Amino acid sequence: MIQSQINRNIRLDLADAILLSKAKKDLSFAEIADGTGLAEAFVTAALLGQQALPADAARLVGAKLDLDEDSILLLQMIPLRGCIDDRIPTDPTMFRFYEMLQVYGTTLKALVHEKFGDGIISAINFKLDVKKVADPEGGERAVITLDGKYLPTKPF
């Protein structure tokens, strides 16, 4: 039977414990996700309290991280989502993503309406991924692809 959380702190505390274990075992997110059949972004978000793992996957990562039974069970709960501590990120790495919205949020709205119509790009029927690409001018770039379903707003 599906089970859900209402207080984000239970899974975020579990995330901190997972990260300590992960660091002690010197493991990567890539290798933790390897073998689950699930995308690295999904598995990672789950460890970090923002997705639910199916049972087999929760047992697999729970074996790798030496997690107890309650922790393996918690990983299967649908989370009370929300990773930002207080609305605006304090961390530079997370903040740059918020700033992309402060600069382009209205442009995103305008071009979404122009290309699709009234409505939204979904954050639910949605996936993201992060790719590393060489910068021709030197160095590296991240290409983060946000891929969401258009849901129209129609008169009724």
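Position 1 is the first residue in the sequence shown; the rest follow in order.
Undergrad: Highest mean C-alpha temperature factor of the two stretches 137 to 145 and 18 to 26, which is it?
TA: In the deposited entry, the stretch with the higher C-alpha B-factor mean is 137 to 145.
Undergrad: Hey, which bit's got the bigger mean C-alpha B factor in the entry, 30 to 38 or 49 to 57?
TA: It is 30 to 38 that shows the higher mean C-alpha B-factor.
Undergrad: Which one of 62, 119, 89, 105 shows the top CA temperature factor in the record?
TA: Checking the PDB record, the top C-alpha B-factor among 62, 119, 89, 105 is at 62.
Undergrad: Mind checking which third residue 115 falls in for C-alpha B-factor across the chain?
TA: For residue 115, the deposited C-alpha B-factor lands in the middle third.
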